[PDB]
Ligand SMILES: *CC(=O)c1ccccc1
Ligand SMILES: *CC(=O)c1ccccc1
Ligand SMILES: *CC(=O)c1ccccc1
Ligand SMILES: *CC(=O)c1ccccc1
Ligand SMILES: *CC(=O)c1ccccc1
Ligand SMILES: *CC(=O)c1ccccc1
Ligand SMILES: *CC(=O)c1ccccc1
Ligand SMILES: *CC(=O)c1ccccc1
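Residue numbers (PDB author numbering), protein chains in the order written: chain C, 2 to 245; chain D, 2 to 245; chain G, 2 to 245; chain H, 2 to 245; chain F, 2 to 245; chain E, 2 to 245; chain A, 2 to 245; chain B, 2 to 245.
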């Protein structure tokens, strides 16, 4: 009982008001050759939401390195956005460098299917991953009660950019796939003639005509992805509530 | 665009044909006191999809530990499901123990919004996480070209059940949150009287009246969650393609 | 190009979330035999809106003495309402004791015609004066750029309650009408026989059969109303920006 | 409910018949560089309405000083308007110099939402404040039983023109605001960069980055506005009923 | 064009506000066994309308003698109707004893088709003659520029009443018809047998089987009708403007 | 339950078949600069209708003098109209010189609202007075049972023509008006400035600024209008039945 | 309760995905001058369907000899088609050289009416015989439980082609018709003149003017058709499951 | 395009007129425990149609043996049917013993989709095979130019009845299937547990878990079905045209 944009569609044309000013999505980021992650949170001055903004801010340099920008969204006003960011910088010691959309009539929220049954008034924890052509590539809907794993958003963007450059599909749990490890998958043949040719070429390691792979990702690309998952797995050496 | 079910809605009533028989969802899992993860893949005998089925099968006991059942979905028929499972058992040495829905007219696909612009004929990589009351708790839409991180699906279910059983919300990147670590968040006050009572009480560690937390998770709960992430971050010991 | 509820209509039945809790309008006030003033402001942490909250708070006991409750309204969340009130108490030294409705999807705003062409997202400065029978008695629409004169809101409610108890209409600028001063107007005759009877009864001061008046308001009633206007007219002895 | 035009919309284009002739609204005042106040009353030869006409007439020069024209409205005919004006001059000694719209089919009444539930036949006491560009700036709906405070209408137009002149918003109860007195408010920053640039310039008195103000109003502007309210607050020297 | 109620239809049920009070049409007159003449005029304090009201008032006793009540209608208010009657009594020396409907939104006017293309806002000079069963017997539409001949309204009600009691049709120009004088017409036969049986019976004077008549009206009936027409033809002995 | 054309509307364009041939209304009379009176009767060989045709025929020259043509209408055929005229000439000694519309399907009757509740099959006694511009000036609907007073139709056309030529409105019962006798009324002023100018000009006899008149009709115009009413009031010199 | 395309209609324009690539029907075959038999089967890895694909593959050269291509259809994906063909080749020793449409959303099935009541999800056993102009010539619907007689499809195509080149209709059970054996039927006369002429010209053997025939089919054409039926009648010497 | 009833649906309820009288379909045959073959032909006294009727008549005993009744259909009237049957008996020496539906407004034809683009007026050569429960089991649409192979209609009802009786599916070209000969197919498993159980029971000859078969048909069943085909393949002994 709700409506979304879909993977492979252009992010819907819209003007949004952020605490950084007015911008056109996805044009603002397409014009810069950037990907963007648009994510939502229910309200300013909410605790899970605060832990997420801090997690994104900590990973901001990692997103920037991938050519990826971040843009938040809640139904709160720009004035609440700025007060909350000031609260976070003051009490947690973390500056939030990226804009937050203000969506008080829920116009953006209804366009993106961010209003679920869990709340009539407040957005769930949506994630739109949009590439530099302004095309939606991945969509996640986390609930109110559960913070995102931001390292998985880095892994998704890194794996998509690698798959796009190297003309490969990405196995489950890459770069630690149980069958092929850091291998990447050759898109399968679409005809009997191609299936025959691929097999009788011996160009790739294969389990069958429809399951071929190689290992074309650079050590640097693989170690960058492994770094995100290592950070997700390791307990942080110091907690930020300690000097708050 | 397209239409979807929403977080907090009852998974829609439907009878489906699987390679284990005909079942009503969600009724079939509710009656066993079980959560289910329903996930979709484009087609049988596709390589990324095969890696995902193998990843789910390795983690089958981890899902059963949480009282979670797995059910797959593609537009292929039962006969194709059974032959693809026999192929994975014979060639990779992995038995797929969970059922797969056969959805040849895309009836289930259209109901769950699993047909995106990337393909008019084959589902993307949808994930519906459904609790023992038949309520949709989380929805993920991964694309054709990118395998899922199955350990994040385990982390989501674990954290959702933890939040339900302790009346807590779960911070970003839990149990390795950068502010509060393995801490869990008390739902914030919703009135000025509750906010006052909270600031006067001293019961919780707190950054403000809206940001309180404690550490009520068992070490077992925390370390099991962290183990999912350590497994995602770990280079596999032996690649299944070799033993194949 | 907008719609409204009308004077003489029952305030529309609605459930609203305030920073004090959930209430039904107009029932929650009708139940108590109380009038309410519902007023709106564009957003929390806006300066004209802050001056108006401080003006209502200073007049709170004046409202309480007439049996009139106050309830604010904006499209911000409850958490922004509590933080804004905290800010006003800390920086201006004034407790806002009355509730504010949180209307993030604009549901209440659209119902009360509070969204004008001046902002698609934020409410203008509306005022609904609602009697103890739940009937809209008066409606004011001030713009973004102009704070209300809260003493005129007191005069309106006092004048309405007097007209109700004494069965009189209230002249322009009462209690300082240039024609009849503190006099109150007998509703005019509706028939020729009623007109002739009124005139030949000599019961009232008259300028014509359609313009009769007396002075049935007590000295206290008149003095209460005159104090509202003297306060509006007088520069306050100390400005609150001193200590602030 | 019923329909209205809205603050920030152009007053609706309309030809109206007045006791002074046929005029186009708002063009007839826009082309003179005049603001106008259009106000409604239920019927000619009604007592409250008569008090309000006399109130407006006594303040006629105050409106002319501000470059504001007055235009009345009821469902009565021109002939009745002229007879009622004659009666007021003869019995009260006050000439009504401004036009009255004759609206016998309620055509203008329905366009401006002046028919409320209190009467299906006669307009309530509507007030439309229209600027010299023809834009609706403020709307007031007083009921049948309650005369308007005309000095507040003067205060509104004066404060609006002052805000437009000096690019300021006007605080509650101006020029006797309890926080900043006769101070006028700088419209708040809309971006984090403007918020920071504002606070660092030290250009204004500030309570916070969103609450800045200065005292740019002339002593004349301030005392004119206070004079309106002192007149509202002063018991009249001589009641005009005495001299009939 | 426009639409109307019709001869032989029941006058439409309506509650109307008059300067004598609220009444229900036609019930108010039916319940008394009285005919009524409802007539409209564009506006109070118009000159042709005034002459028509004085003409009706002069003929009031002639109407009452027939068991016929008068009721007027304009889009003016009750207050204007009472002032207009005051004017006529003071300046012409004539009392208007019959009620005038106040129709300010033109609801009655629209129902009776009294708004013609001569004016969007004021009724023409309609006349509805309604019998004691509440049935529309005759309808006249005079224009703004032309006063009615009120003696023809008397002729119509007297002839219709005569026709009803004597079971006769009334010739052109009765009682001065050029063929049969004060003769009244027997309704013509509806069948060949009735036609033959009327010629044979020799009961009536006849020009053919379809044209039979007799003289059943009393001398007083005829003289009453003749008196109306003689008054119409005679220039009044003294003009009322002279005596003022 | 009926539709009519309206005073001030152009007579509807139509082609009609008469017993004189096919003509277009109103063009046929406009072309000649003639007024026309279109009148209806229920059916040929009916006795009231025959009295009306004889009355029209005897007044024919009075209509021709005024530049007014006559045209009848019934639902009977041309053949019936010719046989009916032959009968009247033979049995009554009166030639009918004007045409009669034949309206067998009631096409014209329905267009002019001539079919009332009194009969679903035959027209009532309608009268359309149409000026030389083809504009409907007056409409009368007499019933089946009551013949018209043809002299009032002459008086209407005469008074209308005189009103048009002299730019005057015609009082009740003109030229025998009880207030101003043969006086004609100046249209009332439309503005306060016109009211005052007219009153201080002394140009007209006046009861008030809205009630001015003079005597600009020739004695010939006045005596001709009065002669119509004298004839209406005269007992006929000899009845046509006696030679008939 | 289903819709089909019809004999004599052009096969509907559609782009289809086969395990040989993407083709446009009927264009792909028309541009080659080829007939095509489009046949459907419920699903890959079903036993009746397998028997039918082997029967078609065994007759592939008989189809090729007639200039007829074969194209299959099921709701299975291309990868399943290729895996199923590998299985047939490996286990039955028969290569399927013709393409199979993949119709996973049943788009083609619904267009062609191939979804009957026996299954909502899987196509019945449809056969469309389409000529070299792209016109549907014959449609067969066999059910799930009954394999087709593929020699009758060869007989149909052979008889239609023969009927096309010789301008003849083909009797029941041709080439073994019990009345005229291998004779072909002259289309009957359409007029009485053609009937008389046919019968007197004595050009053909005849039973009546509507039943003429000759023997224009070549010895080779007849024997080819007889060979199809002899193969259908004869049990194979060795069954393929025995060399399996 | 056209509409059709479907395999697995009840034959639609209809009353039809035949040359044997009125009957209800399918109830007429259901109530006897009889299958029926309803077939259509364009028109009586057409040559292909005649050959087909003669083929059905000669095979009537084979249909009667199987408990199958025959019923024809064309748009011709009953009289034409009887004249046509008389002609066949006289000129060909063959009695048609089964009824023919007369369908002159093509009511039955439209309901069964028997009017294709080949003729707007005459049906094509449709065949409905309906079982004793009144269910459509098979549908064939042969065109105008091509006679049916009646022996294939016998093979279909024989194979269907055998399949119903032995709970088996029938392979292509049965009883001469090139893989399993006169073997009949066990419906494949629908679950993995059923698949495994079947492969372990060793109860059936198998090519795979989805392809099991046995030989449960009597030698008489097999040889009767094979005889149908031998008859189709046999050059006839004596052509009936010779003795005609
Ligand atoms: C800052 C902000 O959110 C704002 C400012 C003016 C009006 C409404 C909202
Ligand atoms: C096994 C399977 O998918 C199947 C079986 C019979 C019919 C259709 C599909
Ligand atoms: C406090 C508040 O406004 C809130 C709390 C939880 C979720 C959304 C908003
Ligand atoms: C003066 C006035 O109101 C008027 C005049 C003519 C007709 C109607 C109204
Ligand atoms: C008297 C009259 O017409 C009136 C009175 C009150 C309100 C409106 C009209
Ligand atoms: C004369 C007449 O009315 C007529 C003539 C022919 C047909 C119909 C009507
Ligand atoms: C296997 C097949 O046909 C396919 C391949 C890639 C994606 C979807 C289906
Ligand atoms: C001849 C036949 O079928 C028939 C009989 C009577 C009426 C119409 C048709």
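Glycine is no exception: its CB is placed at the ideal position from the N, C-alpha and C atoms.
Residue i in three-state terms, based on DSSP
i, result
"residue 122 of chain H", "coil"
"residue 41 of chain A", "coil"
"residue 182 of chain G", "strand"
"residue 170 of chain C", "strand"
"residue 215 of chain F", "strand"
Residue i: contacting residues in chain C (beta-carbon distance under 9 Å)
i, result
"residue 24 of chain A", "Result: empty, since nearest Cβ-Cβ is about 11 Å, beyond 9 Å."
Neighbour list for residue i in chain G, Cβ cutoff strictly below 8 Å
i, result
"residue 43 of chain H", "None at all; the shortest Cβ gap to chain G is about 11 Å."
"residue 123 of chain C", "78, 105"
Spatial neighbours of residue i in its chain, beta-carbon cut-off 8 Å, leaving aside the 5 residues before and after
i, result
"residue 33 of chain D", "70"
"residue 53 of chain D", "40, 42, 126, 148, 149, 151"
Partners in chain C for residue i, counting only beta-carbon separations shorter than 7 Å
i, result
"residue 250 of chain A", "The question about residue 250 of chain A has no answer, for chain A in this structure spans 2 to 245."
Beta-carbon proximity list for residue i, same chain, < 7 Å, skipping 5 on both sides
i, result
"residue 199 of chain A", "190, 210, 213"
Contact list for residue i against chain A, beta-carbon separation under 9 Å
i, result
"residue 58 of chain C", "What residue 58 of chain C touches in chain A: nothing, since even the nearest Cβ is about 44 Å away."
Same chain only: Cβ atoms within 6 Å of residue i, ignoring 5 sequence neighbours per side
i, result
"residue 49 of chain A", "148"
Listed by chain order, chain F residues near residue i by CB distance under 7 Å
i, result
"residue 19 of chain H", "Chain F residues near residue 19 of chain H: none, gap ~13 Å exceeds 7 Å."
Closer than 7 Å at the beta carbon, the chain D residues around residue i
i, result
"residue 40 of chain A", "Per Cβ cutoff of 7 Å: no residues; residue 40 of chain A is ~18 Å from chain D at best."
Under 9 Å from the C-beta of residue i: neighbouring residues of chain E
i, result
"residue 83 of chain H", "190, 192, 193, 196, 210, 211"
The segment 74-90 of chain B touching the segment 104-112 of chain B, judged by at least three CB pairs closer than 8 Å
Judged by Cβ distances under 8 Å, the segment 74-90 of chain B makes contact with the segment 104-112 of chain B, as three or more pairs qualify.
Any chance the segment 169-181 of chain C sits against the segment 208-228 of chain D, with 3 or more Cβ pairs inside 8 Å?
Output reads no: the segment 208-228 of chain D does not touch the segment 169-181 of chain C.
Decide if the segment 117-132 of chain F is in contact with the segment 6-23 of chain E; the criterion is three or more beta carbon pairs, one per stretch, under 8 Å apart.
Proximity of the segment 117-132 of chain F to the segment 6-23 of chain E meets the contact definition, three or more beta-carbon pairs being nearer than 8 Å.
Okay, do the segment 221-238 of chain C and the segment 159-169 of chain C touch, 3+ Cβ pairs below 8 Å being the bar?
Contact holds between the segment 221-238 of chain C and the segment 159-169 of chain C, because three or more Cβ pairs, one in each stretch, are under 8 Å apart.
Lining residues of ligand 3 - beta-carbon closer than 6 Å to any non-hydrogen atom, in sequence order:
Spelled out in chain order, the answer is C:43, C:44, C:47, C:123, D:189, D:191, G:78, G:79, G:80.
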